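Only one chain comes next, encoded as structure tokens, the form deposited in one PDB entry.
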């Protein structure tokens, strides 16, 4: 999270932390079911460890729950030129235990417009040339006219959200990928990608679009 503040610890009990190996790599995600994490497809990997209950990602706390992802549901449409369909589902090896510091973020039993504010949270870098944040950070961003992402490689306002005012620094950055964009407390987008120089807006996966692909998976599993 570039230009945010550290969260109130465990205030975001859905926040998943992903540890992916092929080397190692790290992403965000969020918990939608007791055995499912929602993330992005460019995080896929040989094997992945999932830490839940964390605030400081380097301090082992008792709220923590590390679980082995035993299935990977990469969206089949996922394409690496446009980074369309940057969404992936993960079946955890074990149903997590719902506490205070660890909780699911349910989806209602709606296409979202530019204008509103939103929030995303993550342990990603807090600046272009900085390290990933030890502690979970968050930031409030605005939904933009998709002509604001116009110069993004094949931006599609139906598959993607254009998140973050260009007149601010506040933005999601590297490592924050897979983390939920929560609009008024509802997940509406997953951090996908953005500029190398960290200039906003960044491209978020439009949740609404893939909600059936999702419904299908959780049902058949």
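In this text, rigid core is short for the largest set of C-alphas that superpose within 1.5 Å between two forms. Residue numbers count along the first chain shown, from 1. Shifts are known only where both forms have a C-alpha.
The same protein has a further form, the form deposited in another entry, not shown here; the description that follows concerns it.
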item	value
Out of 77, 71, 130, 116, the residue that alone shifts its CA by 2 Å or more between this form and the one not shown when the rigid core is the reference	130
Residue pair residue 128, residue 139 - Cα distance in that other deposited form, closer or farther (3 Å or more)	farther
Pair residue 42/residue 126, Cα separation in that other deposited form versus the displayed form, closer or farther by 3 angstroms or more	closer
Runs in sequence order between this form and the one not shown, three or more residues long, with CA shifts of 2 Å or more on the rigid core	125-132, 172-175
